[PDB]
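Taking it in order: structure first as structure tokens, then the write-up.
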Amino acid sequence: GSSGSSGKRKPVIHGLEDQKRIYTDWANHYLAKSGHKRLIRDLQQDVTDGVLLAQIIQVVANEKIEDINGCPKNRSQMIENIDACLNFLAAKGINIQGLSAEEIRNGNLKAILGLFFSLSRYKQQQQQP
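Next comes the structure, spelled out in structure tokens:
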């Protein structure tokens with residue numbers, strides 16, 4: 227459950243744990259908009275298979291990733307998923323260096339956060355005539 231309205235804006239910090247949310251909403255938007263009932267409950271558990279993760283990228287980016295397993299079963303299979311997303315983003319001009327598909331699969335905040343921290347960038351600053 228995520229809220230979204232136009233109220234008062236004040237200076238406040240969003241610790242690592244706090245960020246996990248901010249991003250969740252940023253993504254969920256791309257999911258719901260595309261008629262996606264299901265939502266992102268645990269950002270750390272929303273990018274462990276790469277499935278739900280790509281469901282957003284392919285949207286915000288408006289592209290399809292054929293390098294996506296689709297149905298992860300093995301501990302490694304899931305990797306390919308997240309991996310494909312990382313390589314797909316890099317080509318778009320998103321700095322992925324430093325991340326680690328493995329870390330993301332485990333649910334390491336520091337990781338997941340880093341992903342949604344760079345991804346959003348790609349979109350931001352997008353003004354075409």
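Each residue of the sequence shown is one higher than the last, beginning at 227 in the numbering used here. We treat Cβ as the ideally placed atom computed from N, Cα and C, and that holds for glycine.
Just so you know, the alpha carbons of residue 267 and residue 248 end up roughly 12 Å apart. Sixteen is the threshold: since fewer than 16 other Cβ atoms of the shown chains lie within 10 Å of the Cβ of residue 299, the residue is exposed. In its chain, beyond the 5 residues on either side, 339 have a beta carbon closer than 6 Å to the beta carbon of residue 245. Across the structure, residue 231 and residue 258 are spaced so that their CA atoms are roughly 16 Å apart.
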